[PDB]
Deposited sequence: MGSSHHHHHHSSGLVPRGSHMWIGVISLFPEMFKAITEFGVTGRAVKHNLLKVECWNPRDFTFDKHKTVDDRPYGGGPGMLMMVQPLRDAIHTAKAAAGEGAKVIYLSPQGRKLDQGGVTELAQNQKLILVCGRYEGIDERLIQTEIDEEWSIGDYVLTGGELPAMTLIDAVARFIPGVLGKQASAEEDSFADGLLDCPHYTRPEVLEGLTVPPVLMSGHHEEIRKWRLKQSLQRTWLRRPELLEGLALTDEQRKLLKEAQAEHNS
């Protein structure tokens, strides 16, 4: 592999999925597409269908104890995992995406971004055998408290979020642990609604302060619990107090 782009901190991400072609949504488009093309980011997929030996290529199996749903068939999933780890070498941490996992947040994205090598195991049906979690999975993660039709979109979300921490991928994110300020672009006036004059002012320091005050007001009004995790700066305590006083 070759090219001119500093790829010092490049990431390799293996994927186990019955729907590998879904990952085209991240590998062929936009910033993540650029990361793949410039060898900042490598996503390599294995399909458990390819690790079957029966005529029909069965990748699901019946739960012990009855139930409504299927699970991922152990042998083809176990084999796909073992092939991904052999390709990867020492180091590669294996992640199972599931709703039973550690809740992903940006802090967790930056821990996950320290790994040079991830293997993301995508579950379909009602999930995978507990013994494979025990013996093959380093960490279980959720992207959030909702149920989806498989692990692919969780895995794609994880990939995109860690890719942003790869130096060179971007061309800030929960700046200061707060929600973002309002943004404006052209035109000056839109449906009789105008851009805050301060943003037209040219004064970078009065603009820094307006954005920070707005972030604090917006975190306060919508996600108060996010303030509780922060030791606010003296400036931040002052702008928050002010925004609260202009509310009342």
No C-alpha coordinates means not modelled. Give me those stretches of the deposited sequence in order. 1-10, 182-188, 266
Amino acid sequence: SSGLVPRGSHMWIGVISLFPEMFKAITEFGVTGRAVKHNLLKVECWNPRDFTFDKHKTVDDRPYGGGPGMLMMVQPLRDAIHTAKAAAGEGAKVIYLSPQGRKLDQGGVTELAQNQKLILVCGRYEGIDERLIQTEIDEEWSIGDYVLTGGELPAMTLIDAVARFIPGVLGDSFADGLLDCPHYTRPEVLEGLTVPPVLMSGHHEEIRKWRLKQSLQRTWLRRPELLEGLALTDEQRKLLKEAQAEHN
From here on, numbers count along this sequence of modelled residues.
Quick one: higher average CA temperature factor, 91-99 or 70-78? 91-99
Please compare 149-157 with 114-122 and name the stretch with the higher mean C-alpha B-factor in the deposited structure. 114-122
Highest recorded Cα temperature factor - choice among 142, 173, 83, 135: 173
Highest Cα B-factor in the deposition, which of 38, 209, 222, 42? 209
Sort the modelled residues of this chain by their C-alpha B factor and say whether residue 17 lands in the lowest, middle or highest third. lowest
Chain thirds of CA B-factor: placement of residue 108: lowest
B-factor third for the C-alpha atom of residue 33 within its chain: lowest
C-alpha B factor of residue 179, ranked within the chain: lowest, middle or highest third? middle
Please say which third, lowest, middle or highest, residue 59 falls into when its CA temperature factor is compared across its chain. lowest
